[PDB]
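Have a look at protein.tsv below; it lists TSV, C-alpha atoms and all ligand atoms.
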chain	number	residue	atom	x	y	z
P	11	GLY	CA	26.95	6.39	-0.13
P	12	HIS	CA	25.86	9.81	-1.43
P	13	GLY	CA	22.30	9.04	-0.37
P	14	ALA	CA	23.30	8.37	3.24
P	15	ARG	CA	25.65	11.34	3.24
P	16	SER	CA	22.93	13.68	1.97
P	17	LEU	CA	20.44	12.38	4.52
P	18	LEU	CA	22.98	12.93	7.30
P	19	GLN	CA	23.60	16.48	6.10
P	20	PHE	CA	19.82	16.99	6.10
P	21	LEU	CA	19.51	15.72	9.69
P	22	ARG	CA	22.40	17.97	10.85
P	23	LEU	CA	20.62	20.98	9.40
P	24	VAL	CA	17.44	19.89	11.18
P	25	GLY	CA	19.50	19.48	14.36
P	26	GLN	CA	20.42	23.16	14.15
P	27	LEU	CA	16.79	23.90	15.15
P	28	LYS	CA	17.72	22.73	18.66
P	29	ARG	CA	20.23	25.56	18.81
P	30	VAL	CA	18.00	28.33	17.48
P	31	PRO	CA	16.40	30.01	20.50
P	32	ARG	CA	12.92	31.40	19.86
P	33	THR	CA	13.64	35.08	19.19
P	34	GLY	CA	10.74	36.73	21.00
P	35	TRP	CA	11.84	35.18	24.30
P	36	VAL	CA	15.45	36.24	23.77
P	37	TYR	CA	14.34	39.81	23.00
P	38	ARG	CA	12.43	39.80	26.27
P	39	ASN	CA	15.35	38.53	28.41
P	40	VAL	CA	13.79	35.16	29.17
P	41	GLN	CA	16.36	32.94	30.91
P	42	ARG	CA	17.01	29.65	29.12
P	43	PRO	CA	14.49	30.20	26.30
P	44	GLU	CA	12.97	27.28	24.33
P	45	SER	CA	14.35	26.24	20.94
P	46	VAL	CA	12.43	26.29	17.65
P	47	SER	CA	12.25	22.49	17.81
P	48	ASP	CA	10.67	22.68	21.35
P	49	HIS	CA	7.97	24.94	19.87
P	50	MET	CA	7.28	22.55	16.99
P	51	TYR	CA	7.23	19.52	19.27
P	52	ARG	CA	4.43	20.87	21.48
P	53	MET	CA	2.49	22.03	18.42
P	54	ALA	CA	2.64	18.51	16.99
P	55	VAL	CA	1.38	17.11	20.30
P	56	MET	CA	-1.42	19.68	20.29
P	57	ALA	CA	-2.47	18.55	16.81
P	58	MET	CA	-2.67	14.98	18.18
P	59	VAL	CA	-4.85	15.79	21.20
P	60	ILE	CA	-7.14	18.52	19.93
P	61	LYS	CA	-10.25	16.94	18.43
P	62	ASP	CA	-11.68	17.93	15.05
P	63	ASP	CA	-12.98	15.17	12.82
P	64	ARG	CA	-13.29	17.59	9.89
P	65	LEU	CA	-9.47	17.75	9.83
P	66	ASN	CA	-6.82	15.35	8.54
P	67	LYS	CA	-4.83	14.98	11.77
P	68	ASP	CA	-1.82	13.33	10.09
P	69	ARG	CA	-1.55	16.35	7.78
P	70	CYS	CA	-1.85	18.70	10.78
P	71	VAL	CA	0.97	16.93	12.65
P	72	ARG	CA	3.26	17.02	9.60
P	73	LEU	CA	2.52	20.71	8.95
P	74	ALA	CA	3.44	21.46	12.58
P	75	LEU	CA	6.76	19.60	12.22
P	76	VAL	CA	7.72	21.32	8.94
P	77	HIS	CA	6.33	24.86	9.27
P	78	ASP	CA	9.39	26.50	10.98
P	79	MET	CA	11.97	24.15	9.42
P	80	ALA	CA	13.47	26.93	7.27
P	81	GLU	CA	14.68	28.54	10.51
P	82	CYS	CA	17.67	26.17	10.63
P	83	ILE	CA	19.18	28.35	7.88
P	84	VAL	CA	17.33	31.65	8.07
P	85	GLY	CA	17.14	31.87	11.86
P	86	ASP	CA	13.94	32.81	13.71
P	87	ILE	CA	12.87	36.15	12.22
P	88	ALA	CA	10.80	38.31	14.58
P	89	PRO	CA	8.52	41.31	13.92
P	90	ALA	CA	11.11	43.46	15.75
P	91	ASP	CA	13.65	42.53	13.08
P	92	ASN	CA	11.74	44.68	10.58
P	93	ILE	CA	12.07	42.25	7.65
P	94	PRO	CA	9.49	42.83	4.89
P	95	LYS	CA	7.06	39.88	4.67
P	96	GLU	CA	7.99	39.25	1.03
P	97	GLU	CA	11.69	39.24	1.88
P	98	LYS	CA	11.06	36.81	4.73
P	99	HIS	CA	9.13	34.54	2.38
P	100	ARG	CA	11.87	34.72	-0.25
P	101	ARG	CA	14.54	33.78	2.28
P	102	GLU	CA	12.50	30.93	3.71
P	103	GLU	CA	11.49	29.54	0.32
P	104	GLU	CA	15.12	29.59	-0.83
P	105	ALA	CA	16.19	27.88	2.42
P	106	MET	CA	13.49	25.19	2.00
P	107	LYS	CA	14.72	24.49	-1.53
P	108	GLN	CA	18.28	24.05	-0.21
P	109	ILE	CA	17.15	21.81	2.64
P	110	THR	CA	14.82	19.56	0.63
P	111	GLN	CA	17.30	19.08	-2.22
P	112	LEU	CA	19.19	16.80	0.19
P	113	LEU	CA	16.27	14.34	0.06
P	114	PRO	CA	15.13	11.68	-2.49
P	115	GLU	CA	12.76	13.29	-5.01
P	116	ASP	CA	9.47	11.98	-3.52
P	117	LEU	CA	10.36	13.28	-0.05
P	118	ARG	CA	11.86	16.49	-1.43
P	119	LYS	CA	8.52	17.16	-3.14
P	120	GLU	CA	6.48	16.16	-0.10
P	121	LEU	CA	8.37	18.23	2.45
P	122	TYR	CA	8.44	21.27	0.20
P	123	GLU	CA	4.71	21.04	-0.57
P	124	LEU	CA	3.89	20.81	3.15
P	125	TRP	CA	5.82	24.01	3.82
P	126	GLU	CA	4.09	25.62	0.85
P	127	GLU	CA	0.70	24.52	2.20
P	128	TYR	CA	1.42	26.19	5.53
P	129	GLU	CA	2.70	29.39	3.90
P	130	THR	CA	-0.38	29.57	1.68
P	131	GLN	CA	-2.92	29.39	4.53
P	132	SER	CA	-5.73	28.06	2.33
P	133	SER	CA	-6.36	24.54	3.60
P	134	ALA	CA	-8.30	24.03	6.80
P	135	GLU	CA	-5.31	22.11	8.21
P	136	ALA	CA	-2.92	24.99	7.46
P	137	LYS	CA	-5.21	27.53	9.17
P	138	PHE	CA	-5.62	25.19	12.13
P	139	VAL	CA	-1.83	24.82	12.53
P	140	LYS	CA	-1.43	28.62	12.35
P	141	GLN	CA	-3.79	28.85	15.32
P	142	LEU	CA	-1.80	26.13	17.14
P	143	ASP	CA	1.33	28.18	16.52
P	144	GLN	CA	-0.18	31.27	18.16
P	145	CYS	CA	-1.78	29.28	20.98
P	146	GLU	CA	1.46	27.43	21.79
P	147	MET	CA	3.26	30.78	21.91
P	148	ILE	CA	0.87	32.48	24.35
P	149	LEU	CA	0.82	29.34	26.48
P	150	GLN	CA	4.62	29.47	26.57
P	151	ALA	CA	4.46	33.20	27.43
P	152	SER	CA	2.33	32.51	30.51
P	153	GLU	CA	4.67	29.68	31.55
P	154	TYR	CA	7.66	32.04	31.49
P	155	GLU	CA	5.69	34.66	33.47
P	156	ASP	CA	4.85	31.99	36.06
P	157	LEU	CA	8.44	30.71	36.26
P	158	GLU	CA	9.65	34.27	36.74
P	159	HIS	CA	6.93	35.21	39.24
P	160	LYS	CA	6.24	38.25	37.06
P	161	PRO	CA	2.61	37.97	36.00
P	162	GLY	CA	1.66	40.13	33.03
P	163	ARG	CA	5.26	40.82	32.01
P	164	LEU	CA	4.81	39.34	28.53
P	165	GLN	CA	1.50	41.11	27.78
P	166	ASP	CA	2.76	42.33	24.37
P	167	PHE	CA	2.53	38.72	23.09
P	168	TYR	CA	-1.13	38.47	24.12
P	169	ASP	CA	-2.00	41.82	22.53
P	170	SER	CA	-0.47	40.66	19.25
P	171	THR	CA	-2.81	37.63	19.07
P	172	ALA	CA	-6.00	39.65	19.65
P	173	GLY	CA	-8.75	38.38	17.36
P	174	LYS	CA	-6.64	35.60	15.86
P	175	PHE	CA	-8.35	32.57	17.39
P	176	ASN	CA	-11.53	31.01	16.00
P	177	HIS	CA	-11.23	27.23	16.18
P	178	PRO	CA	-13.79	25.92	18.70
P	179	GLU	CA	-11.33	23.81	20.72
P	180	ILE	CA	-8.44	26.29	20.61
P	181	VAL	CA	-10.78	29.07	21.67
P	182	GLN	CA	-11.73	27.15	24.83
P	183	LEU	CA	-8.04	26.64	25.61
P	184	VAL	CA	-7.15	30.30	25.16
P	185	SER	CA	-10.16	31.47	27.19
P	186	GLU	CA	-9.21	29.23	30.10
P	187	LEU	CA	-5.59	30.40	29.89
P	188	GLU	CA	-6.64	34.06	29.80
P	189	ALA	CA	-9.14	33.69	32.65
P	190	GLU	CA	-6.45	32.15	34.85
P	191	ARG	CA	-3.80	34.65	33.74
P	192	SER	CA	-5.90	37.85	33.96
P	193	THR	CA	-7.23	36.89	37.37
P	194	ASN	CA	-3.69	36.23	38.59
P	195	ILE	CA	-2.56	39.63	37.29
P	196	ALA	CA	-5.47	41.38	39.03
P	197	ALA	CA	-4.70	39.61	42.32
P	198	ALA	CA	-0.99	40.47	42.09
P	199	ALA	CA	-1.91	44.10	41.38
P	200	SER	CA	-4.08	44.19	44.51
K	13	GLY	CA	-12.52	19.73	29.47
K	14	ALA	CA	-10.40	22.76	28.62
K	15	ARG	CA	-8.89	23.25	32.08
K	16	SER	CA	-7.58	19.65	32.16
K	17	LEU	CA	-6.34	19.87	28.58
K	18	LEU	CA	-4.45	23.01	29.59
K	19	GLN	CA	-2.92	21.13	32.52
K	20	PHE	CA	-1.93	18.35	30.09
K	21	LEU	CA	-0.26	20.84	27.74
K	22	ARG	CA	1.62	22.47	30.61
K	23	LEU	CA	2.95	19.07	31.64
K	24	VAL	CA	4.00	18.41	28.04
K	25	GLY	CA	5.71	21.83	28.15
K	26	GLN	CA	7.92	20.63	31.02
K	27	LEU	CA	9.70	18.43	28.46
K	28	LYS	CA	11.29	21.61	27.08
K	29	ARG	CA	12.96	22.07	30.44
K	30	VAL	CA	14.12	18.51	31.02
K	31	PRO	CA	17.68	18.36	29.68
K	32	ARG	CA	18.67	15.03	28.21
K	33	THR	CA	20.48	13.37	31.11
K	34	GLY	CA	23.37	11.67	29.32
K	35	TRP	CA	24.60	15.04	28.05
K	36	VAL	CA	24.30	16.62	31.50
K	37	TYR	CA	26.30	13.76	33.00
K	38	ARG	CA	29.04	14.34	30.40
K	39	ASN	CA	29.33	18.10	31.05
K	40	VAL	CA	27.91	19.12	27.68
K	41	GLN	CA	27.28	22.86	27.74
K	42	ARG	CA	23.71	23.84	26.85
K	43	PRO	CA	22.35	20.31	26.34
K	44	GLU	CA	19.22	19.56	24.26
K	45	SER	CA	15.85	19.00	25.91
K	46	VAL	CA	13.77	15.82	25.72
K	47	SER	CA	11.41	17.62	23.33
K	48	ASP	CA	14.36	18.52	21.00
K	49	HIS	CA	15.19	14.78	20.94
K	50	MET	CA	11.64	13.74	20.08
K	51	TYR	CA	11.25	16.50	17.49
K	52	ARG	CA	14.18	15.25	15.40
K	53	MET	CA	13.08	11.63	15.78
K	54	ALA	CA	9.65	12.59	14.40
K	55	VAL	CA	11.30	14.24	11.40
K	56	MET	CA	13.45	11.14	10.92
K	57	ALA	CA	10.31	8.99	10.87
K	58	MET	CA	9.05	11.27	8.09
K	59	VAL	CA	12.14	11.09	5.87
K	60	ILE	CA	13.54	7.58	6.33
K	61	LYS	CA	11.74	5.40	3.81
K	62	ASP	CA	10.10	2.04	4.44
K	63	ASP	CA	6.70	1.63	2.85
K	64	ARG	CA	6.05	-1.52	4.90
K	65	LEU	CA	5.84	0.63	8.01
K	66	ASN	CA	2.87	2.76	8.95
K	67	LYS	CA	4.64	6.14	8.87
K	68	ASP	CA	1.86	8.03	10.67
K	69	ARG	CA	2.19	5.51	13.50
K	70	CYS	CA	5.99	5.93	13.60
K	71	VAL	CA	5.69	9.71	13.89
K	72	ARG	CA	3.14	9.44	16.67
K	73	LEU	CA	5.25	6.86	18.52
K	74	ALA	CA	8.28	9.16	18.34
K	75	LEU	CA	6.24	12.03	19.83
K	76	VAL	CA	4.92	9.94	22.73
K	77	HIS	CA	7.75	7.51	23.60
K	78	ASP	CA	9.57	9.76	26.14
K	79	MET	CA	6.48	11.72	27.20
K	80	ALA	CA	6.52	10.22	30.72
K	81	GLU	CA	9.76	12.13	31.34
K	82	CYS	CA	7.80	15.34	31.95
K	83	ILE	CA	6.92	13.83	35.35
K	84	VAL	CA	9.60	11.26	36.12
K	85	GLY	CA	12.53	12.99	34.43
K	86	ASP	CA	14.94	11.45	31.95
K	87	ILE	CA	16.12	8.30	33.74
K	88	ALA	CA	19.52	7.09	32.53
K	89	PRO	CA	21.34	3.76	32.95
K	90	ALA	CA	23.68	5.71	35.26
K	91	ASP	CA	20.70	6.24	37.59
K	92	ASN	CA	20.66	2.49	38.38
K	93	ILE	CA	16.88	2.18	38.32
K	94	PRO	CA	15.89	-1.47	37.78
K	95	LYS	CA	14.19	-1.96	34.41
K	96	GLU	CA	11.02	-3.14	36.18
K	97	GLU	CA	10.93	-0.08	38.43
K	98	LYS	CA	11.58	2.33	35.57
K	99	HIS	CA	8.61	0.81	33.76
K	100	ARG	CA	6.44	0.95	36.89
K	101	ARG	CA	7.20	4.67	37.35
K	102	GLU	CA	6.71	5.57	33.72
K	103	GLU	CA	3.52	3.55	33.51
K	104	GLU	CA	2.18	5.34	36.60
K	105	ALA	CA	3.11	8.69	35.05
K	106	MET	CA	1.47	7.92	31.69
K	107	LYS	CA	-1.71	6.97	33.54
K	108	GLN	CA	-1.66	10.26	35.45
K	109	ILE	CA	-0.91	12.22	32.29
K	110	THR	CA	-3.53	10.58	30.07
K	111	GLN	CA	-6.33	10.77	32.62
K	112	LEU	CA	-6.30	14.52	31.88
K	113	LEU	CA	-7.70	13.66	28.44
K	114	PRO	CA	-11.20	12.65	27.22
K	115	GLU	CA	-11.77	8.85	27.21
K	116	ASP	CA	-11.01	8.19	23.53
K	117	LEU	CA	-7.81	10.21	23.50
K	118	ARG	CA	-6.76	8.90	26.92
K	119	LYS	CA	-6.99	5.34	25.65
K	120	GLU	CA	-5.33	6.14	22.32
K	121	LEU	CA	-2.40	8.03	23.82
K	122	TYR	CA	-1.81	5.46	26.53
K	123	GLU	CA	-1.92	2.60	24.04
K	124	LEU	CA	0.62	4.37	21.83
K	125	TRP	CA	2.98	4.56	24.77
K	126	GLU	CA	2.27	0.93	25.62
K	127	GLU	CA	3.00	-0.20	22.03
K	128	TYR	CA	6.43	1.43	22.27
K	129	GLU	CA	7.16	-0.03	25.72
K	130	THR	CA	6.10	-3.49	24.49
K	131	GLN	CA	8.34	-3.35	21.40
K	132	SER	CA	6.15	-5.81	19.50
K	133	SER	CA	5.08	-3.86	16.43
K	134	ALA	CA	7.52	-3.28	13.59
K	135	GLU	CA	6.81	0.47	14.04
K	136	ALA	CA	7.79	0.35	17.74
K	137	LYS	CA	11.08	-1.45	16.97
K	138	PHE	CA	11.82	1.01	14.19
K	139	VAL	CA	11.22	3.99	16.52
K	140	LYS	CA	13.48	2.39	19.15
K	141	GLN	CA	16.25	2.35	16.52
K	142	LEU	CA	15.51	5.99	15.60
K	143	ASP	CA	15.93	6.84	19.28
K	144	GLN	CA	19.41	5.33	19.43
K	145	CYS	CA	20.37	6.68	16.01
K	146	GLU	CA	19.28	10.24	16.91
K	147	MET	CA	21.28	9.95	20.13
K	148	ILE	CA	24.57	9.00	18.51
K	149	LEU	CA	24.05	11.66	15.84
K	150	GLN	CA	23.65	14.22	18.64
K	151	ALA	CA	26.77	12.83	20.35
K	152	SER	CA	28.84	13.42	17.19
K	153	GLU	CA	27.41	16.93	16.91
K	154	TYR	CA	28.46	17.77	20.46
K	155	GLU	CA	31.95	16.37	19.80
K	156	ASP	CA	32.14	18.58	16.68
K	157	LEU	CA	30.96	21.70	18.51
K	158	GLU	CA	33.49	21.11	21.29
K	159	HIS	CA	36.26	20.16	18.85
K	160	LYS	CA	36.79	17.07	21.02
K	161	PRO	CA	36.36	14.17	18.60
K	162	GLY	CA	35.97	10.79	20.28
K	163	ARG	CA	35.04	12.31	23.66
K	164	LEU	CA	31.54	10.75	23.74
K	165	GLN	CA	32.59	7.25	22.59
K	166	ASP	CA	30.57	5.62	25.39
K	167	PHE	CA	27.31	6.48	23.59
K	168	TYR	CA	28.54	4.69	20.48
K	169	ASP	CA	29.66	1.65	22.48
K	170	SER	CA	26.24	1.45	24.13
K	171	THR	CA	24.49	1.06	20.73
K	172	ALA	CA	26.73	-1.73	19.42
K	173	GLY	CA	24.59	-4.32	17.64
K	174	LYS	CA	21.30	-2.54	18.36
K	175	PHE	CA	20.73	-1.52	14.74
K	176	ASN	CA	19.28	-3.74	12.04
K	177	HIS	CA	16.81	-1.75	9.93
K	178	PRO	CA	18.64	-1.36	6.62
K	179	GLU	CA	18.02	2.40	6.20
K	180	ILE	CA	19.04	3.14	9.78
K	181	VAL	CA	22.09	0.85	9.49
K	182	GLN	CA	23.24	2.75	6.38
K	183	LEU	CA	22.87	6.09	8.12
K	184	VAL	CA	24.74	4.82	11.21
K	185	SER	CA	27.54	3.36	9.08
K	186	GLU	CA	28.02	6.67	7.27
K	187	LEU	CA	27.98	8.62	10.53
K	188	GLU	CA	30.51	6.20	12.05
K	189	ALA	CA	32.84	6.46	9.07
K	190	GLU	CA	32.76	10.28	9.00
K	191	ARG	CA	33.38	10.44	12.74
K	192	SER	CA	36.22	7.90	12.81
K	193	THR	CA	37.92	9.82	10.00
K	194	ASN	CA	37.80	12.94	12.18
K	195	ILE	CA	39.10	11.00	15.18
K	196	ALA	CA	41.95	9.58	13.09
K	197	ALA	CA	42.78	13.09	11.87
K	198	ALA	CA	42.97	14.37	15.45
K	199	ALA	CA	45.15	11.44	16.53
K	200	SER	CA	47.92	12.08	13.99
V	1	MG	MG	9.65	31.92	13.68
V	2	MG	MG	5.98	28.56	14.66
V	3	MG	MG	15.00	8.97	28.43
V	4	MG	MG	14.16	8.77	23.53

Can the structure in the file be given as structure tokens, please?
Amino acid sequence: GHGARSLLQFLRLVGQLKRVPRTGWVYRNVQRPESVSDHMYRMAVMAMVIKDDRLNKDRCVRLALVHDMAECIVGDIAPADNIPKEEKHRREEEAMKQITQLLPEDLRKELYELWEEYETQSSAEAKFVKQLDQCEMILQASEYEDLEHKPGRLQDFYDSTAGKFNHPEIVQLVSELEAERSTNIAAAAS
Amino acid sequence: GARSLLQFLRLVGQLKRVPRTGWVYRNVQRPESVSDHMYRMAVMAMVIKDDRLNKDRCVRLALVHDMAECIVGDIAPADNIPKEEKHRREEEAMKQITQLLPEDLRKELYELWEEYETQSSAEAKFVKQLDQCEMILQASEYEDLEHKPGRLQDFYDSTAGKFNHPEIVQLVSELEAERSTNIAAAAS
């Protein structure tokens, strides 16, 4: 039963994503921060409910579910960790090779190529998912601010996404989030 | 449009903060969320092979099946909610949740949930087995982390005879054998 054993080892590695807290929240003292799998779950849902008939939605959902999968080995590397982008890529690529080698060859190839597609940021689906990633993050940031009753506290996350959104539907979402958020901050400040 | 979609996504976000109830009831420290549970199920639908199943449908079913819990919470058998009442409450919640979406998506998302609740399609029945399989996998993982093998036996007992898809059966059999070996090692 080497096949079943390998699959089980694969699913245990995947399960480690539940126990990897998202690093940016930890570094900002968020109580009970979300896991990497929480982050990917809402991104996948976003891909299902944001309309764009030019995009292959199935591909978008799968990219969302695979894009941070290397984190079960590498951990969630944050800008504050000061890891060179090429070193981060090397670590993540090596981790993805180790993870996918536990799968039958068709699925090994598929899962790896999906991760590669996201990393490459060429396809429209990959670029769309990158925007979902950033949108999900700033949405989560405002949710923590609200839960804490500390509006504006996580402003650094918003600043870091300046100019990064361009998809028509995502842009409407972010604008509505920012209008609500900025108005709340102004009211709290006065 | 956007304001209601944002409300929808915030509701979906509540799933990150709903701990899976069975683990809470068994004093598991730092239990997984409902969204953690669905995430791994979705990955399982991606990597467990059966070309007679619509895999895209399986993934989507996994992502929607417990979505009503963002409003009603994760109801457990311990909670003693009649099956009919649990369905009534979840149905009500899915209606409330999906009415935040444009007509086409509202219908699509609600019908996905309904397919799962109905358990008619082969995909729905497969995802139901993924649900139970993911659960007992997580139970073994908690036992391992605690170094208390056998402690969460009840979750295994509750799944007895609920598996029949050959790939899922093989995975469950391997899990069971690895676990029982650990339990035997702790016993002597
Ligand atoms: Mg990361
Ligand atoms: Mg991400
Ligand atoms: Mg439940
Ligand atoms: Mg479930």

Contacts of residue 29 (chain P) at 10 Å (all atoms listed in the file; same-chain gap of 5+ positions) as JSON, numbers by chain: {"P": [24, 44, 45, 46, 47, 82, 85], "K": [42, 43, 44, 48]}

Those same residues, written as a PDB file, keeping the file's coordinate frame with C-alpha atoms?
ATOM      1  CA  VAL P  24      17.440  19.890  11.180  1.00  0.00           C
ATOM      2  CA  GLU P  44      12.970  27.280  24.330  1.00  0.00           C
ATOM      3  CA  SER P  45      14.350  26.240  20.940  1.00  0.00           C
ATOM      4  CA  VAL P  46      12.430  26.290  17.650  1.00  0.00           C
ATOM      5  CA  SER P  47      12.250  22.490  17.810  1.00  0.00           C
ATOM      6  CA  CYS P  82      17.670  26.170  10.630  1.00  0.00           C
ATOM      7  CA  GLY P  85      17.140  31.870  11.860  1.00  0.00           C
TER       8      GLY P  85
ATOM      9  CA  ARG K  42      23.710  23.840  26.850  1.00  0.00           C
ATOM     10  CA  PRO K  43      22.350  20.310  26.340  1.00  0.00           C
ATOM     11  CA  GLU K  44      19.220  19.560  24.260  1.00  0.00           C
ATOM     12  CA  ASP K  48      14.360  18.520  21.000  1.00  0.00           C
TER      13      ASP K  48
END

Contacts of region 60-76 of chain K within 8 Å, all atoms listed in the file, excl. fewer than 2 positions in-chain, as a PDB file with C-alpha atoms, in the frame of the given file:
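Saved the output as part_26.pdb:
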ATOM      1  CA  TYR P  51       7.230  19.520  19.270  1.00  0.00           C
ATOM      2  CA  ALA P  54       2.640  18.510  16.990  1.00  0.00           C
ATOM      3  CA  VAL P  55       1.380  17.110  20.300  1.00  0.00           C
ATOM      4  CA  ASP P  68      -1.820  13.330  10.090  1.00  0.00           C
TER       5      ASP P  68
ATOM      6  CA  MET K  50      11.640  13.740  20.080  1.00  0.00           C
ATOM      7  CA  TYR K  51      11.250  16.500  17.490  1.00  0.00           C
ATOM      8  CA  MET K  53      13.080  11.630  15.780  1.00  0.00           C
ATOM      9  CA  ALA K  54       9.650  12.590  14.400  1.00  0.00           C
ATOM     10  CA  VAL K  55      11.300  14.240  11.400  1.00  0.00           C
ATOM     11  CA  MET K  56      13.450  11.140  10.920  1.00  0.00           C
ATOM     12  CA  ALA K  57      10.310   8.990  10.870  1.00  0.00           C
ATOM     13  CA  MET K  58       9.050  11.270   8.090  1.00  0.00           C
ATOM     14  CA  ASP K  78       9.570   9.760  26.140  1.00  0.00           C
ATOM     15  CA  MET K  79       6.480  11.720  27.200  1.00  0.00           C
ATOM     16  CA  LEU K 121      -2.400   8.030  23.820  1.00  0.00           C
ATOM     17  CA  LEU K 124       0.620   4.370  21.830  1.00  0.00           C
ATOM     18  CA  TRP K 125       2.980   4.560  24.770  1.00  0.00           C
ATOM     19  CA  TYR K 128       6.430   1.430  22.270  1.00  0.00           C
ATOM     20  CA  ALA K 134       7.520  -3.280  13.590  1.00  0.00           C
ATOM     21  CA  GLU K 135       6.810   0.470  14.040  1.00  0.00           C
ATOM     22  CA  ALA K 136       7.790   0.350  17.740  1.00  0.00           C
ATOM     23  CA  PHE K 138      11.820   1.010  14.190  1.00  0.00           C
ATOM     24  CA  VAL K 139      11.220   3.990  16.520  1.00  0.00           C
ATOM     25  CA  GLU K 179      18.020   2.400   6.200  1.00  0.00           C
ATOM     26  CA  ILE K 180      19.040   3.140   9.780  1.00  0.00           C
TER      27      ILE K 180
END

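CA of residue 144 (chain K) is found 23.8 Å from CA of residue 53 (chain P).
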
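Straight-line separation from CA of residue 31 (chain K) to CA of residue 150 (chain K): 13.2 Å.
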
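CA of residue 19 (chain K) is positioned 25.0 Å from CA of residue 38 (chain P).
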
Find the residues of chain P that sit at most 8 Å from ligand MG 1 (chain V); for each, write down the nearest two atoms and how far apart they are in Å, to one decimal. Count all atoms listed in the file. Sort by chain, then by number going up, and give it as JSON lines.
{"residue": "P:32", "atom": "CA", "partner": "V:MG1", "partner_atom": "MG", "distance": 7.0}
{"residue": "P:33", "atom": "CA", "partner": "V:MG1", "partner_atom": "MG", "distance": 7.5}
{"residue": "P:46", "atom": "CA", "partner": "V:MG1", "partner_atom": "MG", "distance": 7.4}
{"residue": "P:78", "atom": "CA", "partner": "V:MG1", "partner_atom": "MG", "distance": 6.1}
{"residue": "P:81", "atom": "CA", "partner": "V:MG1", "partner_atom": "MG", "distance": 6.8}
{"residue": "P:85", "atom": "CA", "partner": "V:MG1", "partner_atom": "MG", "distance": 7.7}
{"residue": "P:86", "atom": "CA", "partner": "V:MG1", "partner_atom": "MG", "distance": 4.4}
{"residue": "P:87", "atom": "CA", "partner": "V:MG1", "partner_atom": "MG", "distance": 5.5}
{"residue": "P:88", "atom": "CA", "partner": "V:MG1", "partner_atom": "MG", "distance": 6.6}

Taking a cut-off of 6 Å and counting all atoms listed in the file, can you build a table that, for each residue of chain P near chain K, reports the nearest atom pair and how far apart they are in Å (one decimal), sorted by chain then residue number, as a tab-separated table?
residue	atom	partner	partner_atom	distance
P:14	CA	K:183	CA	5.4
P:28	CA	K:48	CA	5.9
P:47	CA	K:48	CA	5.5
P:48	CA	K:47	CA	5.5
P:51	CA	K:51	CA	5.3
P:182	CA	K:14	CA	6.0
P:183	CA	K:14	CA	5.4

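Excluding residue 62 (chain P) itself and same-chain residues fewer than 3 positions from it, the residues having an atom within 12 Å of it are residues 56, 57, 58, 59, 65, 66, 67, 68, 70, 134, 135, 138, 177, 178, 179 and 180 of chain P, counting all atoms listed in the file.
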
Contacts with ligand MG 3 (chain V) at most 7 Å, all atoms listed in the file counted, listed as a PyMOL selection string: chain K and resi 78+81+86-88

Write out as a PDB file with C-alpha atoms, in the coordinates of the input each polymer residue whose atoms come within 7 Å of residue 139 (chain P), counting all atoms listed in the file; drop sequence neighbours fewer than 2 positions from it.
ATOM      1  CA  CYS P  70      -1.850  18.700  10.780  1.00  0.00           C
ATOM      2  CA  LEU P  73       2.520  20.710   8.950  1.00  0.00           C
ATOM      3  CA  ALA P  74       3.440  21.460  12.580  1.00  0.00           C
ATOM      4  CA  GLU P 135      -5.310  22.110   8.210  1.00  0.00           C
ATOM      5  CA  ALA P 136      -2.920  24.990   7.460  1.00  0.00           C
ATOM      6  CA  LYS P 137      -5.210  27.530   9.170  1.00  0.00           C
ATOM      7  CA  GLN P 141      -3.790  28.850  15.320  1.00  0.00           C
ATOM      8  CA  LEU P 142      -1.800  26.130  17.140  1.00  0.00           C
ATOM      9  CA  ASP P 143       1.330  28.180  16.520  1.00  0.00           C
TER      10      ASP P 143
END

Among listed residues K:90, K:23, K:82, K:164, nearest residue 38 (chain K) (using all atoms listed in the file): K:164

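The nearest approach to residue 166 (chain K) among the residues K:131, K:96, K:37, K:77, with all atoms listed in the file taken into account, belongs to K:37.
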
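The shell of residues at most 12 Å from residue 89 (chain K), with only C-alpha atoms counted and near chain neighbours (fewer than 4 positions) removed, consists of residues 33, 34, 37, 93, 94, 95, 98, 167 and 170 of chain K.
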
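Of the listed residues P:30, P:18, P:147, P:83, the one whose atoms come nearest to ligand MG 2 (chain V) is P:147, with distances taken using only C-alpha atoms and all ligand atoms.
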